[PDB]
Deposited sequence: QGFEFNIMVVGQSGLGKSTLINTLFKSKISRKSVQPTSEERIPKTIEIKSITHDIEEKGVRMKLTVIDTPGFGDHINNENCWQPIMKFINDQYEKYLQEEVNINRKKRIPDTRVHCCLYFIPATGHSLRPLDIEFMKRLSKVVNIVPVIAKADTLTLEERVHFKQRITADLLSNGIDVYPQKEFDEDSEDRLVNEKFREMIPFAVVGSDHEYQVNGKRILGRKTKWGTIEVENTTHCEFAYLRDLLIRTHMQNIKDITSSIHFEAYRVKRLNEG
């Protein structure tokens, strides 16, 4: 409840974004003791913030996940990024104003979007122009971690090849994703960040039910077998989960404050 971290999920509707939010919170909020299914989630039509307290080791922190409406459902989707871009810049503006005030708060509320999870449809080809355009715009103002939505849609071979095509599109379009190579501070950071970089975009699966096996809580998605979403042999959600821990959260925030928010300040100076 001290250290704050804000994640936004972004992507077209029907990619399992709202589902993965619930999966992520459950993956970091321990629960001992029954076989239960999840309720159906309505289509997300408004930007909404979901905040829960989570504990790592024994230290508490406030995790906020921002759910967003879909884009790309229309014939013409020009400027469909504006509501999300507006939200992001609004948080920067709030923080800036709190910071510049003469009688500022002793503890400034940080509602800045520290990272965006960008959901890519599991098409099997390459990145769509819309998603390229949206991620490009986002990457200029916020940390981006792309993910393959509903990765259970892909065989392993399809997944490997799809990742190569997506990475090629990101790189050829100059879309920097977290962790950016230029921000590696030392050799240990490099070795850790290389593994993340090689795995991005993460093949994730969202859970629709939980149970317990041999004392261990399993977050799972049903199929005509059960996908254990935290099993690294089933999908890569666990790697995403592990990226979103105390130490890397801090590095993500550090880039948000020192790179993106600082860039925003410069923008506000070049305007007035």
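The deposited sequence has C-alpha coordinates everywhere except the stretches 34, 226.
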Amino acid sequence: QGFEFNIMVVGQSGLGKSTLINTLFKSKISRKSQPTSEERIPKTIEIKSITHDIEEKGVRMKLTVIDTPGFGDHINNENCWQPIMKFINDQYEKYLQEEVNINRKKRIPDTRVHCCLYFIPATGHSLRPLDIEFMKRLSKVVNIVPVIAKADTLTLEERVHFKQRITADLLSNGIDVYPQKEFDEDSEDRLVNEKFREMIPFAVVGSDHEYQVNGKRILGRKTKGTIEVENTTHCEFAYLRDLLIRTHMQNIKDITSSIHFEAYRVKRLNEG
From here on, numbers count along this sequence of modelled residues.
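According to the PDB record, 250 to 258 carries the higher mean C-alpha B-factor of the two stretches 250 to 258 and 7 to 15.
Stretches compared: 97 to 105, 166 to 174. Higher mean C-alpha B-factor in the entry: 97 to 105.
Reading the B-factor column for the CA atoms of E228, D208, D67, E55 in the entry, the top value corresponds to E55. Note on the listed residues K43, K26, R221, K32: the highest Cα temperature factor in the record is that of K32.
In the deposited entry, the Cα temperature factor of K86 sits in the middle third of values across the chain's modelled residues.
For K195, the recorded CA B-factor ranks within the highest third of the chain. Only modelled residues enter the ranking.
Sort the chain's modelled residues by C-alpha temperature factor and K150 lands in the lowest third, per the entry. Per the deposited record, the Cα B-factor of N143 falls in the lowest third when ranked against the other modelled residues of its chain.
When the modelled residues of the chain are ordered by C-alpha B-factor, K136 sits in the lowest third.
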